[PDB]
Each structure stands twice: as structure tokens, then as C-alpha cells.
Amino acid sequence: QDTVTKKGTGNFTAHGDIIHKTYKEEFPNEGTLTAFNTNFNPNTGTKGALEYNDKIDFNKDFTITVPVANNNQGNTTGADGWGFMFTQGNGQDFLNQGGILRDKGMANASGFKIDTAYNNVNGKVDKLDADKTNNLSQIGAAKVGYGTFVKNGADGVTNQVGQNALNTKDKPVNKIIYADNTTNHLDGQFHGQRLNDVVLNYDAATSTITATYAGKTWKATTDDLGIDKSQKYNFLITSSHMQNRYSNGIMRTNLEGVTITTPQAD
């Protein structure tokens, strides 16, 4: 099958807390990495998005690949995670309303999240984080989170949709160990603080998105996500760091290896 690919800073628009720089000792194999959440402010928290400049057409196949490197922080102090979000709205709306990583964000937004935080506002826990059976039971110092597709309702409220992870023995099923203390660049164990690909592979014939990350696979249909295949969508890569957290929540990608690949056929 012949495909076309767009990538890199020329094809994404930054919104909010996004910077670019080298990390020579920690990522000597890499060029310019793109960092979210570096504007640290425990009074407000922070957030950022990268918005793809072209529309997503859910009547045709696509594969989206995003290299991510997670903060090496426990789930009560680090960043909220990564939200790979499809929406009729834009990055400006996201800065205004929020995304898919918390309790509520942009109305009708949907997509895949890597949730790296146990979010608790004075004893009120984000609903999906409180799901000890499917999602999350290790809280505090653990660098433990979870993956899942999600859909924001007409009211913005985030709900879990699609399938639980399809190829795992982990308990909870959706678990992701998103970082550890390894600094070795060659070691072949999975290390979520190093760069690892998120792959979103959409099959138009079956209306199904497959998400692969950390060797785990999730699936959701356009019907699960509320996606109208007759309408073109925007795609955003999002991250955020909650207020009242007192160490860095820096989350990084390599934008020149963020690829949006589609058939050359119409």
C-alpha cells in the first residue's frame, strides 16, 4: 500500500506551554525534543497542545505515531499524562476548556489517554482514576498510571469507552508503569521515561482505532468515540500538570518523528 506522511513542527501548531531544546546527556541519540509543562507554577498548573494543521478523515485509514517520554515522578506529583484527542474544536478551545486527561474538558472531544496521575482535589478523585478494578490501584510514590480510550460527553464530562487492554496479564488490566529510574540508553527493558512510540492505527472498513503503547493494545470504534465519519476532525497532542504539585511535570516528544500517515488513494 502506498502512503503519504506529514511530520514535524512545520505541520503542527503549538498552544500554551510548549518549548523545544536538546537534552545532550539524557537523549544524546535525539535532536530537538519538544517539552510540555516546563512553565512550572504550582498555583495554576500548566498545559500545552500540538495541533495537527490538516484534518483527519475517518472515512479513510490512517496511522499516527507519537514518540513520548514520561516524567520520572510518582503519580501524585507528576504530569497528568498524554491526551491524543480528536475534536471539531481547536488548541485555543483546549487551553480554555481542557482536554481528555481530567474529569471534564472540551465537549464531545475523544481519543486515547496515557494517564500518569492520580488526580485528587481535596478528597475528590477524578472518576476514572478511582476505578481500582480496571485502571489504577497504586497511589503516591508509584510511577503507575493506565491507558484507555475516552469520550467527553455533550457536557464535557470524560468517560471511559472502548475495550480494556487486549493482550495483557496486568492487574489492573489498563496499567502502565510509565517511568522507572533506569538511565541506561541501550537496555532493552521497557522504560517509559525514554522515548517509546504511541501508535494509533485506524481501519476505516471496521471503523476501529487500535492504540499500541508499552506493548499493550486497546481498541475503540468511531461509535464508542461519538465520531461522525462524515465530518473532518482536528487532532491534538496534549499534556497538562495539575496545580499544587511541587516537582517538575515535564513531558517530552520528538516532533520530527510525530508522523500522520494516510493512503495515497482517495
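Sequential numbering from 1, following the sequence displayed.
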note = Going by the entry, of stretches 157-165 and 85-93 the one with greater average Cα B-factor is 85-93
message = Tell me which stretch has the larger mean Cα B-factor in this entry, 25-33 or 220-228.
response = 25-33
query = Taking the values straight from the PDB record, which of 75, 174, 108, 184 has the highest C-alpha temperature factor?
reply = 184
Member of 101, 139, 79, 128 with the greatest C-alpha B factor (per the PDB record) = 139
Relative C-alpha B-factor of residue 239, binned into the chain's lowest, middle or highest third = lowest
query = Going by what the PDB entry lists, where does residue 121 fall on CA B-factor within its chain: lowest, middle or highest third?
reply = highest
query = By its CA B factor, does residue 113 count among the lowest, middle or highest third of the modelled residues in the chain?
reply = lowest
note = residue 262: CA temperature factor from the record, placed by chain third, in the lowest
message = Among the modelled residues of this chain, does the Cα B factor of residue 255 put it in the lowest, middle or highest third?
response = highest
